[PDB]
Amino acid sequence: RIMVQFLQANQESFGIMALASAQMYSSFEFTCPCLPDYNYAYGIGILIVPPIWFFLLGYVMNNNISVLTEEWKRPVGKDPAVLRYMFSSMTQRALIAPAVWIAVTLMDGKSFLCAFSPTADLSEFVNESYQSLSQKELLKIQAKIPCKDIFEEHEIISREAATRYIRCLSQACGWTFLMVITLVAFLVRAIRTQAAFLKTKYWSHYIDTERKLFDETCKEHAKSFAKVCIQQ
């Protein structure tokens, strides 16, 4: 409920793909398979592949990827640097949604709990009676931890006690990730290109004005033949 609450708060306070990723996470039915073989795969996949898809999507939604591939494809493109600058700007704009997804899914330690439960060392939580049993038997039990309606072995492991531990580890990792990302962003904004920016601004203005003028002249050239044919 906290995720939906912050979603509504972000909507009220309200570049846009961030809210898209947040909403998609808050409305995605995370279901851990709760099996010793697919737990790790499912957790790491939910952690890894959605940001990759968001990266690709952010590249696709960009309106000027066509000019980029056109210039990269030609031997001598009609300058040499606005291309690198435009590509860097596109990549930087696209990298936002994956980072938001990773941060959200780490602060909410569901993927971490699903992925690292079967193999983690939970020895302070395992009951004192069954403190000597094969780790192969512990594998299934620990894998069933992230499932409330499946874990029916409270006599061996306290579920909430290990859930809180793993979730705290996940939140620590999330805050570390956020700090590193913010430091990198600070360095980037403090270091980084002057002529390329002006050239790109000019080319964008030129494209817009050309499109508008083309629409206008098409309308004017159509009005004449319209008056000609209608009078028939």
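Sequential numbering from 1, following the sequence displayed.
Undergrad: How about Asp108: is it missing from at least a third of the other entries compared?
TA: Modelled in all the others, so no.
Undergrad: Checking the other PDB entries that cover both flanking residues: does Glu124 lack coordinates in at least a third?
TA: No, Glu124 is modelled in every other compared entry.
Undergrad: Would you mind checking whether any residues of the deposited sequence sit unmodelled between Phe14 and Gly15, and how many (none, 1 to 3, 4 to 9, 10 or more)?
TA: Unresolved stretch here: 4 to 9 residues.
Undergrad: Scan the PDB entry between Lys78 and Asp79 and report the missing deposited residues as one of none, 1 to 3, 4 to 9, 10 or more.
TA: Missing residues, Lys78 to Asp79: 1 to 3.
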